[PDB]
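S.K.: This is the structure, below, for whatever I ask next.
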Amino acid sequence: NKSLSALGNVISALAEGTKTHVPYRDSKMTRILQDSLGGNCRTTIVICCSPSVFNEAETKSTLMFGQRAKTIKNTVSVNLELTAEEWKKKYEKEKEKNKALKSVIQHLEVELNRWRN
Amino acid sequence: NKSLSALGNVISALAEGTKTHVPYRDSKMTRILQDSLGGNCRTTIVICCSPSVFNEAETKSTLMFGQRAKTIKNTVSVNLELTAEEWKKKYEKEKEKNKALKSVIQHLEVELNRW
Amino acid sequence: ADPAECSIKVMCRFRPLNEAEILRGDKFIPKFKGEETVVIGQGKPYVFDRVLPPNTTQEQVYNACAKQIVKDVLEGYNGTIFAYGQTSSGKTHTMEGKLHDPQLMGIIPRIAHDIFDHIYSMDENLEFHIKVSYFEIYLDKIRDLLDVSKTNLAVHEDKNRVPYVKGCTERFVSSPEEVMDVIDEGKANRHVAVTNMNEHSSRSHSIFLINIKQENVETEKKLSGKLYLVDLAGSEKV
Amino acid sequence: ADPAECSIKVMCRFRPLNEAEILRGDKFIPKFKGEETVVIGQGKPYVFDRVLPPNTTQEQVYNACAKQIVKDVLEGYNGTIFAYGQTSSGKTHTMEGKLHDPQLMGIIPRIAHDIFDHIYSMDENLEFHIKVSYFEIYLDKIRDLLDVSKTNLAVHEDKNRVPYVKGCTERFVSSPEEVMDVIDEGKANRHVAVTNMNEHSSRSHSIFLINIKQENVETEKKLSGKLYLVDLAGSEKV
Ligand SMILES: Nc1ncnc2c1ncn2[C@H]1O[C@@H](COP(=O)(O)OP(=O)(O)O)[C@H](O)[C@@H]1O
Ligand SMILES: Nc1ncnc2c1ncn2[C@H]1O[C@@H](COP(=O)(O)OP(=O)(O)O)[C@H](O)[C@@H]1O
């Protein structure tokens, strides 16, 4: 187990807020789950455990993976399918607003300054 | 020698740093060699020459033609067509700007209704 | 638009004492308080999104852990459910269960039925394309379960820098039944080259991947979700 | 965001005194210093990017001048090489030289070799598409060299305002062998209507144009570069 190793290093290093050189490339899975672990996606983790005292040490450990896991935060966003055309057009749009806002901003400013001046 | 002329014209202007009515249209060649003489292009100019003193004149000129063109500075830009998912990025940060803009509005427009 | 933060949810599922354990007269250590707290003997309490005690059925664990991910996935969001635990703890009963048993099937089987239950109800102007995948990872090696001849699959990065298993097999499904078949098939193929499965699983991650793509033929808006249902390997230490 | 500055580089190539000059007993005036300087008799030094003396061979000139452009242009940059100088100075020898002699070939011949030379060793994900065209410019009029049918071609402009010959011939090439066929083809044609060939080109401009466009299938990324191999006409006064 070097993937769980991988996994665990990913989580902890994520649980931090370090999210810088979080060892995604440490294993084949940490990369497949890269999205899942700290990005665009809604992740649920069903940590499974045994109720027996003999498994207590492991139970403890598992719980703590859950514990630390619960504090990771993903930035979820529906996935949109568009051609480059669409993306260039909508970008143009979101550039017309840019220009637009500018004026309104330079509007207020003038008044306040001007209004005041 | 039209072409050579325009080329003459275009080089010396760029040489000077005048670029503004640098006479590219002075000829069809300079139009083609437009992006080459002051635009997006890594451009080399091998000025071949004769070693004979009997041609001292042109050579010298030719050296100067050569001297001039090295002072010209173009703007290199790989011509890489944007990815769909590349444009998509563009939009993305030009949306933060626009968000950061409404907030440069929000506060900026709070005082405005204060007075 | 504007994407939102969202903590990763965590479910604590506890399994019943099993025949050996009972016989050895072991006692149940966990003490459950409410729906999301669990106490271990006399120590600080553990609090999770939900704490699923042993009597919580397969339906319940689906409804509290996966029912909402299918919905988000069909809408353009990427859902990922995974089982983490120690070997023999409960991951596989969770994720797969008694695969063809109505009472005891697990997440995968259930997500197989939900997705198409949802879809079939949608308006005909909504055109879905569900394509499944099924690989396993052993000693850092990815083996397509649907093409056992593929045994060192690579992970490349797509159009927008997103990790992914390249060259794996993609099956277009159109029913809960064609997905089951893909499950059945990879379940057998897993054997190919395996002397001991118990030992195998105990050391291998089984990764199921429902890849959804929806299109509105009216408004033309297109969206795509990546559903990752992972059944990891024992987490037991050194 | 950004494009990078960097000036036109000028290489000065001196040719060895000719038989004819020889007999007369012409004096050899050039005086070279290091590898970038040169002075005539008693003047001020003219420094260029590089300066290739008479013993400079066609392999050195290319290595000195056109080795990089190919890499550049294959990266998506635009590349342009042109020879300048009075008639009988070396331009066509340098630009074209002995076209099929592996020792006495010039830039053009070598470039076509390198282009594919490279593409072979190049990434297996990106497909190429090289498009050459070959025309001359005499008396401000643009003659298609792969079609003596066209004789008054016109310069138009593309979407981002960059000029270019209109309705010229465009030949797709996937090999150095093919590229030289076009050069070969165009070298001949130029004869159509030419009385004495020495004079004409001595007074005409031949511009070979290679248009390389590549696209990684894997990441989709599409690239493009334009190569303009131009041999100017005699620069002499009067
Ligand atoms: N009768 C039962 N009712 C409910 N859950 C049961 C029952 N018997 C066993 N289990 C549980 O026992 C575990 C058996 O699977 P398990 O050994 O834990 O899989 P893994 O080897 O993936 O960890 C399942 O995780 C599950 O929660
Ligand atoms: N180093 C060299 N050795 C031998 N011949 C040379 C050399 N450099 C140039 N030339 C050749 O090129 C020719 C010079 O004229 P030319 O190529 O026709 O140039 P252009 O018409 O462009 O000035 C000479 O006739 C000769 O064959």
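We label chains A, B, ... in the order they appear in the structure tokens, count residues from 1 in each chain, and number ligands from 1 in the order shown.
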Specify as a count of residues only all residues of chain A found within 8 Å of chain C, counting only C-alpha atoms.
M.R.: 46
S.K.: Output as a list in words the set of chain A residues within 6 Å of chain B, with distances taken over only C-alpha atoms.
M.R.: residues 83, 84, 87, 88, 91 and 98 of chain A
S.K.: Please determine the contact residues of chain C with respect to chain D at a cut-off of 9 Å, counting only C-alpha atoms, and supply them as a ChimeraX atom specification.
M.R.: /C:157-160
S.K.: Relative to chain D, what is the Cα RMSD of chain C after a least-squares superposition using every Cα atom paired in order?
M.R.: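 RMSD over all C-alpha atoms: 0.6 Å.
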S.K.: With a cut-off of 6 Å and counting only C-alpha atoms, select all residues of chain B in contact with chain D and give the selection as a list in words.
M.R.: residues 31, 32, 41, 42, 43, 44, 45, 46, 47, 48, 49, 50, 51, 52, 53, 70, 72, 73, 74, 75, 76, 77, 78, 79, 80, 81 and 83 of chain B
S.K.: Using only C-alpha atoms, which residues sit within 7 Å of residue 130 (chain C) once same-chain residues fewer than 3 positions away are excluded, as JSON, numbers by chain?
M.R.: {"C": [172, 173, 174, 210, 211, 212, 213]}
S.K.: I want to know what sits within 12 Å of residue 170 (chain D), based on only C-alpha atoms, with residues of the same chain fewer than 3 positions away left out; could you give that as a count of residues only?
M.R.: 21
S.K.: Which of these, D:56, D:189, D:63, D:175, has the shortest distance to residue 117 (chain D) once you count only C-alpha atoms?
M.R.: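 Smallest separation from residue 117 (chain D) among the options: D:175.
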S.K.: May I have all residues of chain A that DSSP, computed from the backbone, assigns to strand (DSSP E), given as a ChimeraX atom specification?
M.R.: /A:42-49,73-76,80-81
S.K.: So how many Å separate CA of residue 69 (chain B) and CA of residue 25 (chain B), to one decimal?
M.R.: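 CA of residue 25 (chain B) lies at a distance of 18.6 Å from CA of residue 69 (chain B).
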S.K.: List the neighbours of residue 110 (chain D) out to 10 Å using only C-alpha atoms; skip same-chain residues closer than 3 positions along the sequence, and give me the result as number ranges by chain.
M.R.: D: 58-59, 62-63, 66-67, 95-96, 99-100, 102, 105-107, 113-115, 117, 176
S.K.: Work out how far apart CA of residue 86 (chain A) and CA of residue 216 (chain C) are and give it in Å to one decimal.
M.R.: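 One can read the CA of residue 86 (chain A) to CA of residue 216 (chain C) distance as 15.7 Å.
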S.K.: Write out as number ranges by chain the set of residues from region 181-220 of chain D that DSSP, computed on the backbone, places in alpha helix (DSSP H).
M.R.: D: 181-189, 197-202
S.K.: Please provide the set of residues having any atom within 12 Å of residue 19 (chain B), restricted to only C-alpha atoms, with same-chain residues fewer than 3 positions apart removed, written as number ranges by chain.
M.R.: B: 9-16, 22-24, 34, 37-39, 72-74
S.K.: Report, in Å to a single decimal, how far apart atom 15 (O, counted along the ligand's line) of ligand 2 and CA of residue 97 (chain D) are.
M.R.: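 CA of residue 97 (chain D) sits 9.4 Å away from atom 15 (O, counted along the ligand's line) of ligand 2.
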